[PDB]
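Taken in sequence, the protein lines are chains A, B and C.
Take the first sequence: its position 51, counted from the start at 1, is 137 in this note's numbering, and no numbers get skipped.
Take the second sequence: its position 6, counted from the start at 1, is 194 in this note's numbering, and no numbers get skipped.
Take the third sequence: its position 7, counted from the start at 1, is 13 in this note's numbering, and no numbers get skipped.
Note sheet for the following structure.
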Amino acid sequence: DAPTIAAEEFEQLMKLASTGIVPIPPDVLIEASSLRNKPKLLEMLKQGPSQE
Amino acid sequence: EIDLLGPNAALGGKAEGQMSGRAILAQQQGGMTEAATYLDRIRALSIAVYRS
Amino acid sequence: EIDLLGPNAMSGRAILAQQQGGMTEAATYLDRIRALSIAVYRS
């Protein structure tokens, strides 16, 4: 019993990543989350390397 | 008889929160099973009021 | 009867259970106090 599909998606992703056998990058976790600052976190993580 | 009829007021009234943002009623041990119908009625009324 | 009706009064766990039940029953009284306080703050 979960509210939406993204709920089970995020729960299963967290359960899989807690074991550490399979490595999940943080951007997928942010996208699957239900946060209010999702665009801000996605912009912060998707930025490229510094010019220097 | 009347004491047995009523529920237990000690282990009750706790709301647990998951990572999905939905509030799940943690019933702990027995006692909340009898009041589950009452809580479901309250939840249904709240949902209808929110939709309206 | 009057002792049982009150929020507090054996064994030791019975007293804790009675206190928790009294708190649960007096949740309504505390909610009334909170509502009065909120109205006073708003005014």
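Cβ coordinates follow ideal geometry from the N, Cα and C atoms, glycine included.
Buried/exposed call for residue i, threshold 16 Cβ in 10 Å
i                : result
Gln217 (chain B) : exposed
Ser119 (chain A) : buried
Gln24 (chain C)  : buried
Amino acids of chain B, ordered along the chain, whose beta-carbon sits closer than 9 Å to that of residue i
i                : result
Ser120 (chain A) : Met207, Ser208 and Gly209
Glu31 (chain C)  : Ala197
Reference residue i; option with closest CA among the options
i                : options                                   : result
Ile116 (chain A) : A:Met130, A:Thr105, A:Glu138 and A:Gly134 : A:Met130
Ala88 (chain A)  : B:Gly201, B:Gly200, B:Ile212 and B:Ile190 : B:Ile212
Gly219 (chain B) : B:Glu189, B:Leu199, B:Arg231 and B:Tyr238 : B:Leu199
Amino acids of chain B, ordered along the chain, whose beta-carbon sits closer than 7 Å to that of residue i
i                     : result
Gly27 (chain C)       : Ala197 and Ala198
residue 199 (chain A) : Given that chain A is displayed from residue 87 to residue 138, the structure contains no residue 199 (chain A) and the question cannot be resolved.
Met100 (chain A)      : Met207
Per-residue contacts from residue i into chain C (C-beta, under 9 Å)
i                : result
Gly201 (chain B) : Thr30 and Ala33
Within chain B, partners of residue i - CB distance below 8 Å
i                    : result
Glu97 (chain A)      : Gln206, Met207 and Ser208
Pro89 (chain A)      : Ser208, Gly209 and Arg210
residue 56 (chain C) : Absent from the model: residue 56 (chain C). The displayed extent of chain C is 7 to 49, so no value can be given.
is_contact[residue i, chain D] using C-beta, thresh 8 Å
i                : result
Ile212 (chain B) : As a matter of chain content, chain D is missing from the structure shown, whose protein chains are A, B and C.
Exercise. Taking 8 Å as the threshold, find out whether the segment 92 to 100 of chain A comes into contact with the segment 198 to 208 of chain B through three or more Cβ pairs.
Key: Yes, the segment 92 to 100 of chain A is in contact with the segment 198 to 208 of chain B.
Exercise. Indicate whether the contact test is met: 3 or more Cβ pairs, each with one atom in the segment 193 to 204 of chain B and one in the segment 220 to 232 of chain B, closer than 8 Å.
Key: Three or more Cβ pairs drawn from the segment 193 to 204 of chain B and the segment 220 to 232 of chain B lie within less than 8 Å of each other, which places the two stretches in contact.
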